[PDB]
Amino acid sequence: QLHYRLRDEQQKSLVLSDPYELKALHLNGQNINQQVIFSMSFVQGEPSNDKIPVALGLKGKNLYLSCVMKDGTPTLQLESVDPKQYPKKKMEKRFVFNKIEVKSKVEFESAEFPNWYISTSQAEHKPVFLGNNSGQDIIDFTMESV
């Protein structure tokens, strides 16, 4: 388990909001306290393309990012799991993200929904979602070790 904070290409930071939701907003050096710290771990997965399979959890919690078909669209969620079994090496496919490094920036493609990435909007206060890299969508992030 490696720990990190994520920031989008536009320098928005990630925070947790009440309803089990992640939002990206503009935060300064002073408001760094509020950002979500993620726990990254390697998952048994497959073939390269410069991609490493990982699971993303919330540090100190039995909460992990997931992708499921909901309302006839691939959706990102935060799922609760049994704290005695998680994390594991062989993570169920829905928790699997293909980490891609592109010039110093990182991209997180869903292993369950190829071509679907962890995204942020241009506006502030919007939730982080599963996108197909459609206009305005932001899919590149910077990772900072904790």
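In this text, residue numbers run from 1 along the sequence as written.
Stretch comparison (33-41 versus 55-63) by mean CA B-factor in the PDB entry places 33-41 on top. Higher average CA B factor: 45-53, of the stretches 45-53 and 103-111. Per the PDB record, residue ranking by Cα B-factor puts residue 98 in the lowest third of the chain. When the CA B factors of the chain's modelled residues are split into thirds, the value for residue 81 lands in the middle one. In the deposited entry, the Cα temperature factor of residue 118 places it in the lowest third of its chain's modelled residues.
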